[PDB]
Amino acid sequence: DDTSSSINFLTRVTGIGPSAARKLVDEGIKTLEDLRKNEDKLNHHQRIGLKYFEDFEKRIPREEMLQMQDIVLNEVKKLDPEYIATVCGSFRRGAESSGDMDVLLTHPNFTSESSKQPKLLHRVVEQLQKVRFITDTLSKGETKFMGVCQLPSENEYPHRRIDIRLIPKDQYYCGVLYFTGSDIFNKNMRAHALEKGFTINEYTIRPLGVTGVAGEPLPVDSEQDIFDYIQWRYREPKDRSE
């Protein structure tokens, strides 16, 4: 009803999940100002999302996304040029406007074998905060940071969501691809791959075998390599709609 209408609104809040939205309703929380008068029942996450609800509603225009990409890119370099950083998502794909900033990151020091180098990620983030770019944090793991950011006003920009993922270097390309999408693109590709006797996921590419249940990840030093495994011409990001 006009109330379910409430669970619907809430959920429109980054952090506000359903079961998470649900309870707040049993607490008498329905509208937003309801929320502002009730930070205390909210986590840090939900809290931030509420804090920026509006801005979060806006799309990011590629002119913006661009500068955003320059900043993140030139900072990560100054820390350690052995650092690899790829802004994925629809934008990578030429998209005109984007929802958020999805940053993929890796380092030679870090591989799927190590599995423990928080500092690697942390470091960058820190660097950005210092820069005044990242502005808040919703969540922050050893391998994945999710937060807020904002272009440097010279006078002001909205706050954009931004994500960072630390990927082991030997799994990174499968990753860029995967995070590059579209979803169809991926679906089709995984479908083809299958024909070719290959299994693909956001992490690896693995030859199959009898009965089908098989694997043993092949080496990937670039996206191209994937296309090569399954011997398909290489599609640049743009021609990736499907």
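Numbering starts at 1 and follows the sequence shown. If you superpose the two forms and keep the largest set of C-alpha atoms that fall within 1.5 Å, you have the rigid core.
Item to complete: Could you tell me which of the two stretches, 173-181 or 209-217, has its Cα atoms lying farther from the shown structure in 7 other deposited structures of this protein after fitting on the rigid core?
Response: More C-alpha displacement in 7 other deposited structures of this protein shows up in 209-217.
Discussion item. Which of the two stretches, 29-37 versus 60-68, has its Cα atoms farther on average from this form in 7 other deposited structures of this protein when everything is superposed by the rigid core?
Written reply: After the core superposition, the stretch with higher RMS deviation in 7 other deposited structures of this protein is 29-37.
Fill in: Unresolved deposited residues lying between neighbours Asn155 and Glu156
The entry has a short gap there, with 1 to 3 residues left out between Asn155 and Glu156.
Practice prompt. Read off the CA B-factors in the entry, average them over 54-62 and over 191-199, and name the higher stretch.
Written response: The entry gives the higher C-alpha B-factor average to 191-199.
Fill in: Average Cα temperature factor in the PDB entry - higher stretch of 111-119, 84-92
Averaging CA B-factors over each stretch, the winner is 111-119.
Fill in: Residue selected from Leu177, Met68, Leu35, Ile205 by maximal Cα B factor
Each of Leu177, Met68, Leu35, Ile205 was compared by C-alpha B-factor; the highest is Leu35.
Worksheet item: If you rank every modelled residue in this chain by C-alpha B factor, which third holds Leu24: lowest, middle or highest?
Response: Highest third - that is where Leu24 ends up once the chain's C-alpha B-factors are sorted.
Worksheet item: By the record's CA B-factor, is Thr31 among the lowest, middle or highest third of residues in the chain?
Response: Tercile = highest for this residue's CA B-factor.
Item to complete: Pull the Cα B-factor of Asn43 out of the PDB entry and bin it into the chain's lowest, middle or highest third.
Response: For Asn43, the deposited C-alpha B-factor lands in the middle third.
Practice prompt. Give the position of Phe227 by CA B-factor within its chain, expressed as the lowest, middle or highest third.
Written response: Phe227: CA B-factor falls in the lowest third of its chain.
Fill in: CA B-factor ranking of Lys78, expressed as a third of its chain
Middle third, going by the recorded CA B-factors of the chain.
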